[PDB]
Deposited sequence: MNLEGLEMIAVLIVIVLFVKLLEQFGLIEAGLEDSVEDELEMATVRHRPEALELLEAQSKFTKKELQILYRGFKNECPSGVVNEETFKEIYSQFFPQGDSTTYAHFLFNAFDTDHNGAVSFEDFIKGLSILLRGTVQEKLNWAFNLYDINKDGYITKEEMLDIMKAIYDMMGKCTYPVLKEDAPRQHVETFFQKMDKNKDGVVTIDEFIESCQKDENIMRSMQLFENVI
């Protein structure tokens, strides 16, 4: 009955936070490391403290959201249809229905077809306590739209748009994709993905700071 349209709102939050964080990780200017290096002299440590506090609130929201979805409705049957409806009433812009889709299907780590409360309960749990690895693995499936196990500079350029619209342009995708696409062929594999990010000081230092806060 009502719960449906309410579990939804809780679900929509989980996405918004999932982007915020992803962005925070540099997996998407809003990087925690960028934020850190924007500070100065006798402030660096004072900044590190602020960043930590605020990333701790975020942990907590996830914890609450987590324990929520969990012991409260861990079955499964979230329908991408009603979800897309909500995503548009808050994040309209253009083609909003497709973005929601792509952003929604991202919680489908086994490509089981759709998305279940379990997939959120898991996704949530990954950011909340998994390792950088598991986080990067989740982030990857976000870009691997079609879910073939690869990432095409276009799939990455779609997400990019899917976001600029969500918030408030296209060429950045190339330079970012070029970081991931090592063997320079037009496709990026999971291994390729996590190797570039792991050897990227910025995405690292950022993701490092976030999962130490507990």
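Participant: In sequence order, which deposited residues have no C-alpha?
Facilitator: Residues missing from the model, as numbered along the full deposited sequence, span 29-32, 173-183.
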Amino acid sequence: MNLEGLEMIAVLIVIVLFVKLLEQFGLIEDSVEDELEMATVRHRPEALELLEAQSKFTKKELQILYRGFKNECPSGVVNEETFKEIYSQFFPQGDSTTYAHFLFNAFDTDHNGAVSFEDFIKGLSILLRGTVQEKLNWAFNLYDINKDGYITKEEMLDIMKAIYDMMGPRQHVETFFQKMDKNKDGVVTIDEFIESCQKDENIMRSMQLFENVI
From here on, numbers count along this sequence of modelled residues.
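Participant: Test of understanding: from the entry's C-alpha B-factors, which stretch has the higher mean, 107-115 or 133-141?
Facilitator: The deposited B-factors put 107-115 ahead on the C-alpha mean.
Participant: Please compare 58-66 with 154-162 and name the stretch with the higher mean C-alpha B-factor in the deposited structure.
Facilitator: In the deposited entry, the stretch with the higher C-alpha B-factor mean is 154-162.
Participant: Going by the deposited entry, which of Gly26, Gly168, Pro45, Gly149 has the highest CA temperature factor?
Facilitator: Highest C-alpha B-factor among the listed residues goes to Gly168.
Participant: Where does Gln178 sit by CA temperature factor within its chain: lowest, middle or highest third?
Facilitator: For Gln178, whose C-alpha B-factor we compare with every modelled residue in the chain, the answer is the middle third.
Participant: Classify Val188 as lowest, middle or highest third according to the C-alpha B-factor given in the PDB entry, relative to its own chain.
Facilitator: Middle third by C-alpha B-factor.
Participant: Hey, what third does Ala100 fall into on Cα B-factor, ranked over its chain?
Facilitator: Lowest third.
Participant: Would you check the entry's CA temperature factor for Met1 and let me know if it's in the chain's lowest, middle or highest third?
Facilitator: Its C-alpha B-factor, which the entry lists for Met1, ranks in the highest third among residues of this chain.
Participant: Can you tell me which third, lowest, middle or highest, the CA B-factor of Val77 falls into for its chain?
Facilitator: Top third by C-alpha B-factor.
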